[PDB]
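One structure below.
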Amino acid sequence: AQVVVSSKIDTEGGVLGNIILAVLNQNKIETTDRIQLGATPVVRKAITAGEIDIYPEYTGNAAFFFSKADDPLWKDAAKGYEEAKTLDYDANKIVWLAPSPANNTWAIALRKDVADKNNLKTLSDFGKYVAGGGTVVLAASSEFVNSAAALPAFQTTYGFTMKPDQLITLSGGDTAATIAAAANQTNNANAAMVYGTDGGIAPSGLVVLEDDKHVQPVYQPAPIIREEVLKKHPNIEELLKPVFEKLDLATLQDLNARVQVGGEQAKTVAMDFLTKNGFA
């Protein structure tokens, strides 16, 4: 009876899915590889229909599965995890395992040189810097600039206001174009809209600022597993715990970069991560 391991179609889906598969095979659990099956909807239907067994899900996406998109509890990491875990077990008998501390949510990343020079690590620091007349040009989508949940919420909470001459506004939502603007300083860009663990952040020499007042919902990746399968292989829980523990924001960025910038296979990158940290 094979454990069917899967993931979402994106890079991180590939990386995390292979870490799970590698760890399972490494500890004598026979597996079926259905990694990168499709977007979140297809993968959810799959596990709830019993077609897959385990895959990496993000805490905050449970906001959308259980019709709680507008709830401010998802902006807290601990409460988001506890809620995702409780709901899925009660509703679906899906067990959420120990999460990664990485937060793959909408964020602002700065060029390292500007961050170092001005001691900017958090959005509180960034807001003070912008408010006080600091030099910034943010590359962002029109949706990020304008939708109430994004930059307007950052602006309100951290106490700054972006002038039109501090903004490069792009039509699309792909963070590839925004990361490259900041990386290459197009029209003096020095800051970029990103998702926390985008691979392009590592090689571009950017740093993600901490969302220290919790304005965006938290999307921490965790392995989630069908209960009947976990009952058969109960050691899966403890074996994935230390592994996901070690998957911080920068580590995740680098692994994703190895795949989406270096063109390495997700399988190889997963195994290299595991051997490097003594898990295989």
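In the structure tokens, each chain is lettered A, B, ... as it comes, each chain's residues begin at 1, and ligands are numbered from 1 in order of appearance.
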Just the residues within 9 Å of segment 249-259 of chain A, please, counting only C-alpha atoms, with nothing from its chain fewer than 2 positions along; format it as a short mmCIF file (atom, residue, chain, number, x, y, z; two decimals) with N, CA and C atoms, in the first residue's frame.
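Saved as around04.cif:
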data_model
loop_
_atom_site.label_atom_id
_atom_site.label_comp_id
_atom_site.auth_asym_id
_atom_site.auth_seq_id
_atom_site.Cartn_x
_atom_site.Cartn_y
_atom_site.Cartn_z
N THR A 11 7.09 25.91 -7.97
CA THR A 11 8.44 25.46 -7.63
C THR A 11 8.52 24.90 -6.21
N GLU A 12 8.09 25.72 -5.26
CA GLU A 12 8.12 25.35 -3.85
C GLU A 12 7.34 24.06 -3.60
N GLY A 14 7.15 21.64 -5.78
CA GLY A 14 8.12 20.64 -6.21
C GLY A 14 9.17 20.35 -5.15
N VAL A 15 9.80 21.40 -4.63
CA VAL A 15 10.87 21.26 -3.64
C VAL A 15 10.38 20.55 -2.37
N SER A 100 6.73 24.61 8.74
CA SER A 100 7.94 25.40 8.58
C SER A 100 7.68 26.79 9.15
N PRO A 101 8.70 27.44 9.72
CA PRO A 101 8.49 28.81 10.22
C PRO A 101 8.45 29.87 9.11
N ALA A 102 8.85 29.49 7.90
CA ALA A 102 8.85 30.41 6.76
C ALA A 102 7.44 30.93 6.47
N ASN A 103 7.35 32.21 6.11
CA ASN A 103 6.07 32.86 5.79
C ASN A 103 6.08 33.33 4.34
N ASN A 104 5.45 32.55 3.46
CA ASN A 104 5.40 32.83 2.03
C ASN A 104 4.20 33.71 1.66
N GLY A 196 7.27 35.90 0.09
CA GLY A 196 8.38 35.62 1.01
C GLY A 196 9.50 34.72 0.52
N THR A 197 9.14 33.58 -0.08
CA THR A 197 10.12 32.56 -0.43
C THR A 197 10.37 32.45 -1.93
N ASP A 198 10.15 33.54 -2.67
CA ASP A 198 10.45 33.55 -4.09
C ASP A 198 11.93 33.24 -4.29
N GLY A 199 12.22 32.33 -5.22
CA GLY A 199 13.59 31.91 -5.52
C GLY A 199 14.46 33.03 -6.05
N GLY A 200 13.88 33.90 -6.87
CA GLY A 200 14.59 35.04 -7.45
C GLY A 200 15.14 36.07 -6.47
N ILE A 201 14.69 36.02 -5.22
CA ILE A 201 15.17 36.91 -4.16
C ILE A 201 16.63 36.65 -3.77
N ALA A 202 17.04 35.38 -3.70
CA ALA A 202 18.40 35.02 -3.29
C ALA A 202 19.46 35.58 -4.24
N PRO A 203 19.44 35.16 -5.52
CA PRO A 203 20.46 35.65 -6.45
C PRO A 203 20.38 37.14 -6.82
N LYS A 246 13.85 23.05 10.14
CA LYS A 246 15.04 23.64 9.53
C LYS A 246 14.77 24.45 8.25
N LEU A 247 13.52 24.47 7.77
CA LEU A 247 13.19 25.16 6.52
C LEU A 247 12.78 26.61 6.73
N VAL A 261 16.23 29.26 -10.86
CA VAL A 261 17.32 30.05 -11.45
C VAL A 261 18.46 29.16 -11.95
N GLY A 262 18.89 28.21 -11.13
CA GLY A 262 19.96 27.27 -11.50
C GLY A 262 19.52 26.13 -12.41
N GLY A 263 18.21 25.95 -12.58
CA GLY A 263 17.67 24.90 -13.44
C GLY A 263 17.90 23.47 -12.96
N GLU A 264 18.24 23.28 -11.69
CA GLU A 264 18.41 21.94 -11.13
C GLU A 264 17.04 21.26 -10.96
N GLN A 265 17.04 19.93 -10.96
CA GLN A 265 15.82 19.17 -10.71
C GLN A 265 15.46 19.24 -9.22
N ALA A 266 14.18 19.45 -8.93
CA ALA A 266 13.69 19.54 -7.56
C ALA A 266 14.10 18.33 -6.71
N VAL A 269 17.80 18.75 -5.55
CA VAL A 269 17.89 19.81 -4.55
C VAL A 269 17.36 19.36 -3.19
N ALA A 270 16.27 18.60 -3.20
CA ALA A 270 15.69 18.02 -1.99
C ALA A 270 16.67 17.09 -1.28
N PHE A 273 19.63 18.94 0.23
CA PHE A 273 19.21 19.55 1.49
C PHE A 273 19.24 18.55 2.65
#
How close does each residue of segment 117-234 of chain A get to segment 238-245 of chain A, giving the shortest atom pair and distance in Å to one decimal for every residue with an atom at most 10 Å away, counting only C-alpha atoms, sorted by chain and residue number, as JSON lines?
{"residue": "A:221", "atom": "CA", "partner": "A:244", "partner_atom": "CA", "distance": 8.5}
{"residue": "A:222", "atom": "CA", "partner": "A:244", "partner_atom": "CA", "distance": 7.4}
{"residue": "A:223", "atom": "CA", "partner": "A:240", "partner_atom": "CA", "distance": 7.9}
{"residue": "A:234", "atom": "CA", "partner": "A:238", "partner_atom": "CA", "distance": 8.3}
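The residues of segment 133-185 of chain A that DSSP classifies as strand (DSSP E), using the backbone of this structure, are residues 138, 139, 140, 141, 167, 168, 169 and 170 of chain A.
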* **Shortest interatomic distance to residue 29 of chain A - which of A:109, A:90, A:5, A:168, counting only C-alpha atoms** =>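 The answer is A:5, which sits nearest to residue 29 of chain A.
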Within 10 Å of segment 140-150 of chain A: each segment 201-280 of chain A residue with its shortest pair, only C-alpha atoms, as a Markdown table:
| residue | atom | partner | partner_atom | distance |
| --- | --- | --- | --- | --- |
| A:215 | CA | A:149 | CA | 8.3 |
| A:216 | CA | A:149 | CA | 7.6 |
| A:217 | CA | A:149 | CA | 9.7 |
Okay, now the selection with N, CA, C and O atoms, as a PDB file, in the first residue's frame?
ATOM      1  N   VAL A 215       0.288  42.438   9.245  1.00  0.00           N
ATOM      2  CA  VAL A 215      -0.703  43.035   8.361  1.00  0.00           C
ATOM      3  C   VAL A 215      -1.192  42.036   7.316  1.00  0.00           C
ATOM      4  O   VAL A 215      -2.368  42.043   6.974  1.00  0.00           O
ATOM      5  N   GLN A 216      -0.306  41.182   6.806  1.00  0.00           N
ATOM      6  CA  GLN A 216      -0.720  40.151   5.847  1.00  0.00           C
ATOM      7  C   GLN A 216      -1.030  38.820   6.539  1.00  0.00           C
ATOM      8  O   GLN A 216      -0.479  38.531   7.607  1.00  0.00           O
ATOM      9  N   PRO A 217      -1.921  38.008   5.935  1.00  0.00           N
ATOM     10  CA  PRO A 217      -2.125  36.655   6.441  1.00  0.00           C
ATOM     11  C   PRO A 217      -0.854  35.826   6.324  1.00  0.00           C
ATOM     12  O   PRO A 217      -0.061  36.028   5.405  1.00  0.00           O
TER      13      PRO A 217
END
* segment 28-162 of chain A: which residues are alpha helix (DSSP H) by DSSP, as an NGL selection string? -> :A and (40-48 or 62-65 or 77-92 or 112-118 or 123-131 or 142-146 or 151-158)
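Closest approach to residue 65 of chain A among A:47, A:52, A:84, A:3: A:84, based on only C-alpha atoms.
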* **Length of the atom CA of residue 42 of chain A to atom CA of residue 7 of chain A vector [Å]** => 10.0 Å
* **Residues near residue 31 of chain A, cut-off 8 Å, only C-alpha atoms, skip fewer than 6 positions along chain, as an MDAnalysis selection string** => chainID A and resid 2:5 21 24:25
* Residues at most 10 Å from residue 177 of chain A, counting only C-alpha atoms, excluding those fewer than 2 positions away in the same chain, as a VMD selection string? -> chain A and resid 139 to 141 170 172 to 175 179 to 183 192 to 194
Keeping N, CA and C atoms, export the residues of the selection given above as a PDB file, in the first residue's frame.
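Okay, part02.pdb is ready:
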ATOM      1  N   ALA A 139       8.965  48.660  -6.863  1.00  0.00           N
ATOM      2  CA  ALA A 139       8.388  48.018  -8.046  1.00  0.00           C
ATOM      3  C   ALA A 139       7.274  47.090  -7.573  1.00  0.00           C
ATOM      4  N   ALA A 140       6.049  47.343  -8.028  1.00  0.00           N
ATOM      5  CA  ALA A 140       4.879  46.588  -7.572  1.00  0.00           C
ATOM      6  C   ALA A 140       3.787  46.536  -8.636  1.00  0.00           C
ATOM      7  N   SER A 141       2.861  45.594  -8.488  1.00  0.00           N
ATOM      8  CA  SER A 141       1.699  45.514  -9.377  1.00  0.00           C
ATOM      9  C   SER A 141       0.663  46.556  -8.983  1.00  0.00           C
ATOM     10  N   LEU A 170       3.303  48.017 -12.436  1.00  0.00           N
ATOM     11  CA  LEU A 170       3.188  47.081 -13.555  1.00  0.00           C
ATOM     12  C   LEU A 170       1.785  46.500 -13.599  1.00  0.00           C
ATOM     13  N   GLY A 172       0.847  43.365 -14.506  1.00  0.00           N
ATOM     14  CA  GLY A 172       0.741  41.976 -14.054  1.00  0.00           C
ATOM     15  C   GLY A 172       1.102  41.747 -12.596  1.00  0.00           C
ATOM     16  N   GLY A 173       0.724  40.578 -12.078  1.00  0.00           N
ATOM     17  CA  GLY A 173       1.015  40.191 -10.693  1.00  0.00           C
ATOM     18  C   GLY A 173       2.243  39.307 -10.494  1.00  0.00           C
ATOM     19  N   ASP A 174       2.979  39.033 -11.569  1.00  0.00           N
ATOM     20  CA  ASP A 174       4.165  38.175 -11.498  1.00  0.00           C
ATOM     21  C   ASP A 174       5.322  38.946 -10.855  1.00  0.00           C
ATOM     22  N   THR A 175       5.881  38.372  -9.789  1.00  0.00           N
ATOM     23  CA  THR A 175       6.926  39.025  -9.016  1.00  0.00           C
ATOM     24  C   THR A 175       8.303  38.894  -9.666  1.00  0.00           C
ATOM     25  N   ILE A 179      10.951  41.785  -8.971  1.00  0.00           N
ATOM     26  CA  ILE A 179      12.264  41.406  -8.422  1.00  0.00           C
ATOM     27  C   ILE A 179      13.417  41.905  -9.307  1.00  0.00           C
ATOM     28  N   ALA A 180      13.259  41.743 -10.620  1.00  0.00           N
ATOM     29  CA  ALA A 180      14.291  42.123 -11.585  1.00  0.00           C
ATOM     30  C   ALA A 180      14.446  43.635 -11.672  1.00  0.00           C
ATOM     31  N   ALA A 181      13.339  44.362 -11.584  1.00  0.00           N
ATOM     32  CA  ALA A 181      13.407  45.812 -11.508  1.00  0.00           C
ATOM     33  C   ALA A 181      14.314  46.255 -10.348  1.00  0.00           C
ATOM     34  N   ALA A 182      14.035  45.777  -9.135  1.00  0.00           N
ATOM     35  CA  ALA A 182      14.843  46.142  -7.959  1.00  0.00           C
ATOM     36  C   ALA A 182      16.281  45.655  -8.076  1.00  0.00           C
ATOM     37  N   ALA A 183      16.453  44.431  -8.578  1.00  0.00           N
ATOM     38  CA  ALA A 183      17.776  43.842  -8.765  1.00  0.00           C
ATOM     39  C   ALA A 183      18.629  44.669  -9.707  1.00  0.00           C
ATOM     40  N   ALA A 192      10.993  45.908  -3.929  1.00  0.00           N
ATOM     41  CA  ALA A 192      10.144  45.084  -4.787  1.00  0.00           C
ATOM     42  C   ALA A 192       9.051  44.341  -4.027  1.00  0.00           C
ATOM     43  N   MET A 193       7.871  44.283  -4.637  1.00  0.00           N
ATOM     44  CA  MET A 193       6.818  43.358  -4.227  1.00  0.00           C
ATOM     45  C   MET A 193       7.309  41.936  -4.476  1.00  0.00           C
ATOM     46  N   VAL A 194       7.250  41.098  -3.442  1.00  0.00           N
ATOM     47  CA  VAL A 194       7.603  39.690  -3.556  1.00  0.00           C
ATOM     48  C   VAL A 194       6.697  38.837  -2.684  1.00  0.00           C
TER      49      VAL A 194
END
* Could you tell me which of A:35, A:131, A:91, A:123 comes closest to residue 62 of chain A if we count only C-alpha atoms? =>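 Of A:35, A:131, A:91, A:123, the one nearest residue 62 of chain A is A:91, counting only C-alpha atoms.
Distances here use only C-alpha atoms; by that measure, the residue among A:206, A:82, A:74, A:40 closest to residue 116 of chain A is A:206.
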* Exercise: residue 117 of chain A partners within 12 Å, only C-alpha atoms, chain neighbours under 4 positions left out, as a PyMOL selection string -> chain A and resi 110-113+121+129+134-135
* Structure fact -> Using only C-alpha atoms, the best pick from A:178, A:86, A:36, A:166 as closest to residue 59 of chain A would be A:86
* Structure fact -> Residue with the minimum atom-to-atom distance to residue 98 of chain A, picked from A:39, A:229, A:224, A:1 with only C-alpha atoms counted, is A:224
* To do: Give me the residues within 6 Å of segment 157-161 of chain A as a PyMOL selection string, counting only C-alpha atoms and dropping any in the same chain fewer than 3 places off.
  => chain A and resi 124+127+131+154
* If you measure from atom CA of residue 37 of chain A to atom CA of residue 275 of chain A, what distance in Å do you get, rounded to one decimal? ->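 Straight-line distance from atom CA of residue 37 of chain A to atom CA of residue 275 of chain A works out to 26.2 Å.
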Which residues are close to residue 167 of chain A, i.e. within 7 Å by only C-alpha atoms, leaving aside same-chain residues fewer than 2 positions away? Reply as a PDB file with C-alpha atoms, in the first residue's frame.
ATOM      1  CA  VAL A 137      11.303  53.358  -5.485  1.00  0.00           C
ATOM      2  CA  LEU A 138       9.081  50.299  -5.064  1.00  0.00           C
ATOM      3  CA  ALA A 139       8.388  48.018  -8.046  1.00  0.00           C
ATOM      4  CA  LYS A 163       4.242  59.075  -3.619  1.00  0.00           C
ATOM      5  CA  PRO A 164       3.723  58.341  -7.357  1.00  0.00           C
ATOM      6  CA  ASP A 165       7.414  59.057  -8.034  1.00  0.00           C
ATOM      7  CA  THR A 169       3.435  50.177 -11.331  1.00  0.00           C
TER       8      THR A 169
END
